Every structure is written in C-alpha cells, then in structure tokens.
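In what follows, a structure is listed as structure tokens, so that the remarks can point back to it.
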Amino acid sequence: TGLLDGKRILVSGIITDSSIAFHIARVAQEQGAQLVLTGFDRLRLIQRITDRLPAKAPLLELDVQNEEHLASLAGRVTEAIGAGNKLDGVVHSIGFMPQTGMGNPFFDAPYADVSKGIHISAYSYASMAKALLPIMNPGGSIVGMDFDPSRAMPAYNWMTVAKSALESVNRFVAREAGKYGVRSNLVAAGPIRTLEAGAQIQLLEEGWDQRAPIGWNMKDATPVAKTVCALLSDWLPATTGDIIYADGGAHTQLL
Amino acid sequence: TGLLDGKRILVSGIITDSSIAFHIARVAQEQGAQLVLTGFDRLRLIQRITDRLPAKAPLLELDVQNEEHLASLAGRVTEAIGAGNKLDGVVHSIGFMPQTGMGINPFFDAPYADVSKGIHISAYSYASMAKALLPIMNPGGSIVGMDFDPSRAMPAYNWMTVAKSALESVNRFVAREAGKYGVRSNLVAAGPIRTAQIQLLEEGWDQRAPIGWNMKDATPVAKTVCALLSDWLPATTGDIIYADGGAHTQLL
Amino acid sequence: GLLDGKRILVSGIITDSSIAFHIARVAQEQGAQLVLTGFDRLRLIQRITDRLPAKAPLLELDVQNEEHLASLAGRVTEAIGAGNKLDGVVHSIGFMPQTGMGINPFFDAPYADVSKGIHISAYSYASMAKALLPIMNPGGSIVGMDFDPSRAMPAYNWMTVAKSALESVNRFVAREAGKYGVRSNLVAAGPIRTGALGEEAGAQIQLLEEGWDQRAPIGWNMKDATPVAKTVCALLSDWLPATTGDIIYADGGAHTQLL
Amino acid sequence: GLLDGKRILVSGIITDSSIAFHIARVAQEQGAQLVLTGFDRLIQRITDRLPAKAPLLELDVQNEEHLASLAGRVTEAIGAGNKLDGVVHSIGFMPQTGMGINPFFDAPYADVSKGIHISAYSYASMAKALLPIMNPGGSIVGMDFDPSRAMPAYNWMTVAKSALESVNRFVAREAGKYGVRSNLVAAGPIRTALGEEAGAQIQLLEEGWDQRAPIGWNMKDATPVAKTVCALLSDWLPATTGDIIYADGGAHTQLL
Ligand SMILES: NC(=O)c1ccc[n+]([C@@H]2O[C@H](COP(=O)([O-])OP(=O)(O)OC[C@H]3O[C@@H](n4cnc5c(N)ncnc54)[C@H](O)[C@@H]3O)[C@@H](O)[C@H]2O)c1
Ligand SMILES: NC(=O)c1ccc[n+]([C@@H]2O[C@H](COP(=O)([O-])OP(=O)(O)OC[C@H]3O[C@@H](n4cnc5c(N)ncnc54)[C@H](O)[C@@H]3O)[C@@H](O)[C@H]2O)c1
Ligand SMILES: NC(=O)c1ccc[n+]([C@@H]2O[C@H](COP(=O)([O-])OP(=O)(O)OC[C@H]3O[C@@H](n4cnc5c(N)ncnc54)[C@H](O)[C@@H]3O)[C@@H](O)[C@H]2O)c1
Ligand SMILES: NC(=O)c1ccc[n+]([C@@H]2O[C@H](COP(=O)([O-])OP(=O)(O)OC[C@H]3O[C@@H](n4cnc5c(N)ncnc54)[C@H](O)[C@@H]3O)[C@@H](O)[C@H]2O)c1
Ligand SMILES: CC(=O)NCc1ccc(-n2nc(C(N)=O)c(Oc3ccc(Cl)cc3)cc2=O)cc1
Ligand SMILES: CC(=O)NCc1ccc(-n2nc(C(N)=O)c(Oc3ccc(Cl)cc3)cc2=O)cc1
Ligand SMILES: CC(=O)NCc1ccc(-n2nc(C(N)=O)c(Oc3ccc(Cl)cc3)cc2=O)cc1
Ligand SMILES: CC(=O)NCc1ccc(-n2nc(C(N)=O)c(Oc3ccc(Cl)cc3)cc2=O)cc1
Ligand SMILES: [Mg+2]
Ligand SMILES: [Mg+2]
C-alpha cells in the first residue's frame, strides 16, 4: 500500500548509487511503482548499479543527443511495459556541462561546449516529453531536476544558464503535456554530494544548511527523492509548469 | 492505509460545506488523520456543518483577533487530543477583508481601520496561530496556510491582495521559527473556488491553466494541502505551492 | 538639470542622514522646485532643510492623521501657486516599533504595534497618492522607498512584512495613477547607515551589511545614500517613461547574486 | 545632454525600425559619440539616417575572428587613448522552426542552438571583447522581454530570453571588476503573413498588453524603450547591475 501503487514510471539519469535518480528509483519502488530505467553510454556499469535497487527493472539505452534513440524510445518502452500499457510518470534526472562551462572563467567557455551542455541539460527535457507524451496516461506526471538559477553564483556559471533555460522549457512542456492530461514540473534541489571551484562549492553548501530553516543534509538525497515521488503521485493534481523547492527552505531566506 | 494515518491535525476556517477548510478536513479524514477543528463566532452553525464530515472531530472556538482565545488555544487542543499527545499538522484557512477593501469599492476609499482588521485576520493571524501551536507540535510537523498569488495586481481583490502579499512574507518568518521545532511552514496558492470582474478572472484562469481549472471543485486544493501535511515534501519550508492548474506560469 | 522646472513633493526628512534629505538635495541640484513635508518635529526639520542647497516650503504631514491628508492638496497648491501642479511625489516614510523590528522575537510583536507600522510604512503610500493625484500633471511620477522583502532575514521581521505589503500597494497605486498619466514605482535600496542592539543581534546585522558589499558585483557603500537618491531622481525624470507598478533596485546588484 | 561626451557602441541596427536605431538616435540627441556594429549581406544606408556620423564596424557574433579583433577595431574608430563608456546589445535571432507557428516540439536543436548563440551567449561574447576597453562607471545594456511565463508562438525565443537573463547576471559579476554595470531592458511588443490562427494569437498578446499596462502601451512607438536604455547608459542608475528594467507600460505588474 504505497504512494505510487500500480504506477508505471520511467526514470532516467542513474549513473552511480549516489545519483539522485538512483534514490528516486529506490523510493518509487518502495512505494509500489513499476519502473523502466534509461541509461547513457556506460550501460554494463549502469546495470551493475541498478542491480542494487530493491526490484528488477528493464534498462533501456538513451543518449538524449541521439535522434535515433529518441525516435525509438516510445516503442522500446512499450515493449518493456507491454502493449496496451502506458506510463504514468517520467523522471528527467539528466544534466551535463563541460568543465569549460563549470568549475574556468565564465568568458572562456566556447559555444560548442555551452551548446552541448544546454542540449543535454535543458532541450532534452522537451525531447523526452515529445517522445513519451504519446505513451502517457491522463493524470500522468513529468518531473525534471533543477536548481534555483534566479541569482548568479560562483563556479556553476553556464550550468546555471542551462537551468534558467530548463525552467523556461518546463513552462512550455506544461502547455503540451496539458493536452494529454499530464503535469510537467521541476524539483529545485539543494546541493547533494553525488560526485577556485572547490572553495566556491564549500562556501555554497555551508551557506545552505545555515540558510535552510529546517536544515540541509548534503549527503542525503532521500528528501529530494520523496519530493519527486510526491509530484509523481496523485497528491499535487493541480500543479503544472511549476517548480517545487526541495532545498530546506534556503531559497526563502537571505541569511 | 492513508496518506495521513495516525496524524493529529488542527483545521481552522470551516464556515460552510463549500469552505476550502471543509474539503481539506474531509480529504484529511479520508486519509486517516485525526482532526481538531476551530471555528469563529457562529459555533453552533459550524458544529452542524462539521456533522457533514465523515468522522467526528472536536470543535474549538477561535477568533484570531481575541488574545485570550490564542492564549488558551494550546491547552484547549491538548484537552481535545489528550495529555501527552501533540499535533502533527495545522491548517490556517482564515481570511477576511471588509467590503470597503475588497469588491467594487475604489481601492483609495478603504479606511485604515478596515484594512487593519483584514490584515490582522488574513496575515498576522498566521504568525499568531504558529506562536500558539508550535509548543504543542511534533518534529516533522507541518503548518499550511491558504493563499492566492498576489505578485501582480488585479481588479476588485484590492486590499485582500495586499493582505496576501503580507501573508507570504509572514510565512517566510514563521518558517524560521517553526524550523527550531523541526516543523515546516508553507502556503498553498489556489486558483479561484466558488465558496462580472470575478467571472472574468475565473474565465481567464481556466484558459491560462495548461491542465484547466474547475472553479466549482476544491478537491485538488484540499489534496495539495494534504500533500504538504504528509511526510512527502520534507525539505520544503517558507514556501508557496501553487494549486492553480499552472495558470500563474502562463501569460496567455 | 535632469529635473529642470519640475515641481516635486518630498516627504520623510527627519535628519540630514535621511534618504529623503539626499533625494531632496539631488533633486534641487538637478533644477527641481520642491515642497517638503515633515512629521511632528517641524522646528527641528526646518533647521535640517536649511542645510539643503535651496529654500523650500515645509508642510506638516502626519500620515496617520486624516485631517492632514484631507487638507494636503490645498496646502500644496497654496505653496506652489494656484494653477500649478506637481510633477513628482516622493514617499520616504517608514516606521516599525522596536517590538516589530530589532531584537524582539518575531512572535512577540503585538498587533497594535505591527498595525501602526503597516499604516505608516505601506498604507500611507496609497493615502499620499489619493491626496496628491488630483494635483499631479500627466507624465508625473510617484516614488516610494522599499527594500527587497522577497526573502526573510534576521531582525527586520515585521518591517519586512510591511515592505511586502508596500510592494503590493505600489502595484494598485499604479492602476489608479495611470488614469492621470502618472507612474508609481518603488526604489529597493541596500542598507544605509541613516553596540545598542547587544553582541548577538549586532553580529547578525553586521553580517547582513558585509554580505551586501560581498554580493554586489559593483560593491555597496552603506555610508552613502547618493546612489539611491540618484535612482529616485531617474524615476522622477522623463527617462523611464514606460515603467510603472514596478521596483528598481539600487542595491549594487546584491539581489541578483546568491553569493 | 544625458550622455554628453560618452562613447557608446550600439549593435543591432538592420532597419530604421530596429530598436537599436531608436536607441542610437536618442543617444546622439543626448550628446553621445557612437560606434555602430552590424551584420548583413547595406546597413550604412540605414546608419546614414541617424542625426550624426558614426563609424560602422562589421560584427557577426557567431564569428570568433570578428570578436577577437573587435576591441582593436573599436579603438581605431574612437582614437588611441580613448575607451567606451557604454555598450548596447540589441541582437536577437530565432529560426521560424523555433518561433512562430511551428509546434514547440518540432524545433530541431541545431536551429534552437543557433538562436541561443546569437540571442543569449553573444551577450557574454560582446562583454568579453569590450570590457577591456571600457571606462569605470561604464554600462552594458541588452534587450530582453519578460520570459518568466510561457506564451503562444515565441516558444524557443522565450527560452533564449530566459537564458539571456541568466547570462546578464553572470556578465554583471565580470563587469563589476571593471566598475561597469550590466543590465537588460525588458520591453513590451514593438512593431519593428502568419495566417488567421497565429495572427489572432499575436493580436490578443498586443491588445492584452495595452489593457494590462496602467499607462497603456503603444506598440508603434520604440522611443520609450530607447529612452529607458539611455537612462541605463547614463550616470543616473549607478547602483543597478545584473538587473532587468521593464519598459513595458507596467504590464508585467498586472494580472488583468
Ligand atoms: N547533485 C546536486 O547537487 C544537484 C542539485 C540540484 C539539481 N541537480 C540535477 O539533478 C540531475 C542529476 O544530477 P546528479 O547530481 O544525480 O548527477 P549524476 O551525475 O549522477 O546524474 C547526471 C546524469 O545525466 C546523465 N547524462 C549526461 N549526458 C547524458 C546524455 N547525453 N543522455 C542521457 N543522459 C545523460 C548521466 O549519465 C547521469 O546519469 C542533473 O540535472 C543535476 O543538474 C543536482
Ligand atoms: N475561495 C477562493 O477562491 C480562494 C482562493 C485562494 C485562497 N483562498 C483563501 O482560502 C482561505 C479560506 O477561504 P474560503 O474560500 O474557504 O472562504 P470561507 O469564507 O469559507 O473561509 C474563510 C474563513 O475565515 C474565517 N474567519 C474570519 N474571521 C475570522 C476570525 N476573526 N477568526 C478566525 N477565523 C476567521 C471565517 O469564519 C471562515 O471560516 C482564505 O484565506 C482565502 O483568502 C480562497
Ligand atoms: N538602510 C536604510 O536606511 C533603508 C533601506 C531601504 C529602504 N529604506 C526606507 O527608506 C525610507 C526612509 O528611511 P530612512 O532610512 O531615511 O530613515 P528616516 O528615519 O530618516 O526616515 C523615516 C521618515 O519617516 C517619517 N515618518 C514616520 N512616521 C511618520 C508619520 N506618521 N507621518 C509622516 N512621516 C512619518 C519620519 O519622520 C522620517 O522622516 C523608509 O521607508 C525606509 O524603510 C531605508
Ligand atoms: N520588437 C519587439 O517587440 C521586441 C520586444 C522586446 C525585446 N526585443 C529584442 O530587441 C532586440 C532587437 O530586436 P528588434 O525588434 O529591433 O529587431 P531587429 O530585427 O531590427 O534587430 C535584430 C538585430 O539582430 C541582428 N543580428 C542577428 N544575427 C546577428 C549576428 N549573427 N551577429 C550580429 N547581429 C546579428 C540583426 O542584424 C538585427 O540588427 C532583440 O534582441 C529582440 O528580441 C524586441
Ligand atoms: C559533469 C556534469 O555536468 N555532471 C552532472 C552534474 C552537473 C551538476 C550537478 N550539480 N551539482 C551540484 C553540487 N552538489 O555541487 C549542484 O549544487 C547546487 C548548485 C546551486 C544551487 Cl542554487 C543548488 C545546488 C547543482 C548541480 O546541478 C550535478 C551533476
Ligand atoms: C468577505 C470575506 O473576506 N470572505 C472570506 C473570503 C475572502 C476572499 C476569498 N477569495 N475569493 C476568491 C474568489 N474565488 O472570488 C479568490 O479568488 C482569487 C483571486 C485572485 C487570485 Cl490570484 C486567485 C484566486 C481569492 C480569495 O481569497 C474567499 C473568501
Ligand atoms: C524606527 C523606524 O521605523 N525608523 C525608520 C526606519 C525604519 C527602517 C529603516 N531601515 N533600516 C535599515 C538599516 N538598518 O540599514 C534597512 O536595511 C536593510 C534591511 C534589509 C534589506 Cl533587504 C535592505 C536594507 C532597511 C530599512 O528599512 C530605516 C528607517
Ligand atoms: C527573425 C528574427 O529572429 N528577428 C529578430 C527578432 C526576434 C524577436 C523579436 N521580438 N518580436 C516581438 C514582437 N513584437 O512580435 C516581441 O514581442 C514580445 C513577445 C513577448 C513578450 Cl513577453 C514581450 C514582447 C519580442 C521579440 O523578441 C524581434 C526581432
Ligand atoms: Mg562585491
Ligand atoms: Mg491599460
């Protein structure tokens, strides 16, 4: 008797057992969801990781920059869940920005690197929704991972720009998803240890737990995974094109 | 096997069976919560309304402008739930603005005594209720208030919109205090619910909402409040969850 | 000058460190003809306004006094001359008792104190606009002083709530002011100095100030009201003609940076 | 004049209806000395309509060689020993697959990427190239529109503006090191073939704007926008950076 009992949910973005998507997948399975997982590039390695989840789940290859992968995705998911069955949820937990656009001066990132980062981190949220909406049930839910990019910060540079673009994409995806009776939302998380940039990240994370009224544990992805599962559930049925902040309330406090 | 099984939750704001608080109370009981209800002034009238709920719940008097009611509130709740027991949730679904400050009356013609009363009941009372009830709340607890998006001005709602802007700010400070108790504080910003300026506001809502908006149905709002009362949004505080069909995310 | 020939009312001078004193000074240097309003200590205020570069009539205005508001337009008209109207209005008024802003716990502020603070700090922006819009020229401008209340912070407590209410009042005043061809905007300033709190609150406030200069990409000088006064004068001018119901941030860009 | 003696670079003139043409005109009326940049294949015939002579330099923001030589070419135009006091970015582009009648999901990434390169990334490119030749107290201004809420038709151009707002906040961090401000002006729609359906959607967007704006909005008039940009280029908003000034008649502050 789980929060997601009988729901068929696709979860992308597992690379390690520290990945936010690994925790989202774990909590969803504990809550009765039947999963379909998608992995990028290191498929043999991802299968070794996903074996650590509480239940077996089919693993499909998905490189969001690969148009052929996107074109075959719905068909491959239908084969995995059975003809006549559709998805109730989709989790986008994919992000990438080359080291020139993260960590290196903001002005020194070449556009080919920024473009690749925006493709994977923002445009792919629209790509995945385009591919999967035709195989989603009414009352369904699409959830993506974000971080608050409303204010600039050290080091995250072009990845912050990519998140600003992702929040805008999310609002357009909601217009399309609504036609199917599906919601589209992002979860803006606090910093999670998933694996002078070092001094910047340290100062960011320190200021986090201090600014958060309920505190913030950077080593624990469970509160974020639970928030994603709340959006996948039937309990936020009138929320779409929106952002839910799972950050300990830090974005609501100046100091 | 409900979302709020074994949770003790206080729900204020029931006046009719169309009140948002009535639907929040109904959904919370369906989800296994044990409720304590608070009402204002017409307690006999409110008691008859609460008989329509699926389960019996004690009804306590609470006029948020009455300091004596606030001073005795925790003691009265403790008598209702039993000594040694604490609340897991609190729902503030209280609002009021006199006709001079909300409606057809020019924005400039509302006297301050009316605006002040409206702000007292609609915004300051969210702090008053948290002050009174935080000493009797469990860690992991949740305080939820009802709001509407006041980030842009609109016809008619005038000073009530100002009171909601003040309420959003109050919620952010209540979160700082509530965090000391391991308690979250959040608001649910709802679309218009039936509980021709208002008709035009509603039409534009269902049009802007990507998933549409049914003004006659408080259930999606009640479900959202229950999601915040649950253990499923444990890292959200001082925040606003929009149960408005996504209308605030679309220009047109 | 930027404000050559403009008739502008400026409220909120109490000392020569008041933001309104600097706004009045910059406005006069820019050719504006002022009318000043003061509260309670009129003899004291008169001595302060003698430190401004030009003489300006001083009118009494307690924003909690309805008789003062009812007679304001008539008293301004007598000061500027019959047939003349105001081109600008500056609201630089704020008040919150020590129970609502300072060391006192957020929960311990009684409503009579919060209500007085909201009356003076937020509601009076609407009161002043109601009183003065009938004597304002098309192309006119109303400007109020604010601080960013979108996130909670230590100590400012109910004054932060009052500023959240003021931002909302500003959006409604813009709807009314537009009927007269008049703009309404707020300037959100960084902290300006315009042991007493004890070691604990004193350290919290010091961190708030230091953090501001650190976050501001162009820095922030807490001793200097001039960049704020210049911003208010930009809004009083004809150079932001399509901005209304809005907030302009004169804070060194601090609100645009997380750290 | 508001900009007496200031040396200001203005990019983005293509026609005499371009917002940059009006910004350039108002800047010259206010005493500025301009350097203009353009990219097309005869902009000089258009820039000749301005009240004063101004050197015109070629700048394709997707061209790394043009960006690498820009500061040197500007220095040659304004004279050795002189620096810029202002920079105006009034450049935007989104192919018809990403903005217009095309479904949001049907825009291919190569088209969106080109749109983002020109409309958002180039704001950082121009600041990188010109900050080394800017005076303290200088100002960089870019053109934007409010992308906080989704809307019909503008689709990927709205996404590009969301990215541009974020870029501006990072440019402000870099510009601050030089004592230079970086801000955007978010304008309402300006009139600078779609069919009945999209034509009606755009008409509703326009009508809605003038009705929401407490002071109204004249879509045929770029002058209020040009004036706002000149206010940011001036010394009168000295403590504003990484920010957005709305020259939209106050429409963004009103729901209805
Ligand atoms: N870790 C945090 O602090 C944090 C905070 C907020 C948001 N987020 C976001 O959460 C998401 C997941 O991050 P994480 O911390 O779990 O890191 P992670 O490295 O474990 O996950 C990123 C995932 O993106 C995948 N990916 C990269 N390129 C891809 C491509 N072309 N096609 C498909 N998948 C691709 C990787 O394989 C990986 O599984 C990201 O969007 C990230 O920005 C993370
Ligand atoms: N109805 C909507 O469209 C809508 C939309 C968004 C938010 N809200 C908010 O939700 C809340 C509930 O509103 P509703 O629509 O259920 O209307 P309602 O009239 O049914 O409920 C308002 C409640 O406030 C109570 N109240 C008034 N004065 C009080 C006092 N002195 N002490 C204690 N309680 C007092 C009333 O008794 C009543 O129960 C309000 O804050 C309202 O602003 C309503
Ligand atoms: N750091 C700062 O100082 C700071 C930052 C941002 C915004 N502001 C705001 O700027 C404004 C002016 O503040 P200041 O720093 O110049 O302080 P101040 O103490 O010099 O000015 C406040 C003014 O309000 C007046 N006032 C109070 N009660 C009044 C009443 N009933 N009727 C009429 N006037 C009344 C006072 O007489 C005084 O002139 C306030 O709104 C304040 O919140 C200040
Ligand atoms: N017109 C409006 O309603 C409106 C509203 C808000 C904001 N804006 C923005 O204002 C800016 C100017 O637009 P406009 O309406 O004046 O239209 P425009 O077509 O006159 O200006 C766009 C300019 O971008 C230039 N450009 C395109 N690709 C370029 C490249 N590779 N290198 C250099 N320059 C390049 C074009 O040559 C042209 O000068 C754009 O950023 C636009 O999004 C326009
Ligand atoms: C190479 C690459 O791009 N890897 C994927 C990846 C990219 C970025 C992140 N990421 N990390 C962190 C972090 N913990 O430092 C991160 O922390 C935050 C940064 C800023 C905010 Cl506001 C909140 C959290 C965000 C984020 O997206 C996580 C994984
Ligand atoms: C007289 C009085 O104050 N009664 C209590 C009360 C006060 C205000 C509301 N209220 N009603 C409505 C409505 N549907 O008309 C209302 O609708 C909205 C108004 C604006 C927005 Cl942004 C969203 C919803 C808000 C609100 O608070 C409901 C009840
Ligand atoms: C007793 C009283 O109400 N006096 C009037 C008055 C009230 C408040 C302020 N005020 N002071 C300060 C300060 N300490 O620098 C102040 O600093 C800031 C606080 C927060 C922010 Cl976000 C920005 C600035 C704000 C403010 O309104 C100034 C004057
Ligand atoms: C072909 C091409 O990309 N030309 C450059 C260009 C790109 C976009 C625009 N542009 N046009 C308009 C318009 N008036 O239709 C425009 O209108 C608005 C759209 C949305 C908002 Cl919120 C405000 C204004 C924005 C914009 O950027 C103008 C020029
Ligand atoms: Mg700094
Ligand atoms: Mg209008």
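Counting convention: from 1, in listed order, for ligands and their atoms alike. For the numbers below, each heavy atom of this structure counts, side chains included, while hydrogens, waters and symmetry mates do not. Within every chain, numbering begins at 1; the chains are lettered A, B, ... in the order of the sequence lines, protein sequences first and strands thereafter.
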| Where ligand 5 meets A:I192 - atom numbers and elements under 4.0 angstrom, heavy-atom basis | 14 (N)

| field | Whether A:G190 lies under 4.0 Å from ligand 1, heavy atom | value | yes

| said: Suppose we screen for ring-ring contact (aromatic ring centres under 6.0 Å, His included). Which residues come up paired with C:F106, at least two apart in sequence or across chains? | reply: B:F173, C:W158

| query | Can an N or O of A:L204 be found at a distance shorter than 3.5 Å from an N or O of ligand 5? | reply | no

| note | Short version for A:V64: what comes under 4.0 Å of ligand 1, heavy atoms counted, is both

| task | Tell me, please: is A:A189 in heavy-atom contact with ligand 5, that is, under 4.0 Å? | result | yes

| message | Checking the N or O distance criterion of under 3.5 Å, is ligand 1 in contact with A:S19? | response | yes

| task | Could you list which atoms of ligand 7 come closer than 4.0 Å to a heavy atom of C:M153? | result | 20 (C), 22 (Cl)

| query | What atoms in ligand 7 come closer than 4.0 Å to a heavy atom of C:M101? | reply | 1 (C), 2 (C), 3 (O), 7 (C), 8 (C)

| field | Salt bridge present between C:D146 and C:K163 (N-O < 4.0 angstrom) | value | no

| note | Taken to the nearest 0.5 Å, the spacing of A:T252 OG1 from A:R211 CZ works out to 9.5 Å

| When only distance counts, is A:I94 in polar contact with ligand 1, meaning an N/O pair under 3.5 Å? | yes

| query | Any idea which atoms of ligand 5 are less than 4.0 Å away from a heavy-atom of A:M102? | reply | 8 (C)

| A:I20, any N or O under 3.5 Å of ligand 1 N or O | yes

| Is the closest heavy atom of A:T16 to ligand 1 under 4.0 Å? | no

| query | So, is A:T194 polar-close to ligand 1, with some N/O to N/O distance under 3.5 Å? | reply | yes

| request: Pick whichever of C:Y156, C:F95, C:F147 has a heavy atom sitting closest to atom 11 (N) of ligand 7. | output: C:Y156

| said: Would A:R42 count as a contact residue for ligand 1, given that I'm defining contact as a non-hydrogen atom of the residue lying under 4.0 Å from a ligand atom? | reply: no

| query | Do A:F40 and ligand 1 have an N or O pair less than 3.5 Å apart? | reply | no

| field | Polar atom proximity, C:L258 to ligand 5 (N or O, under 3.5 Å) | value | no

| said: Is there a polar contact between ligand 5 and A:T194, counting only N or O atoms under 3.5 Å apart? | reply: no

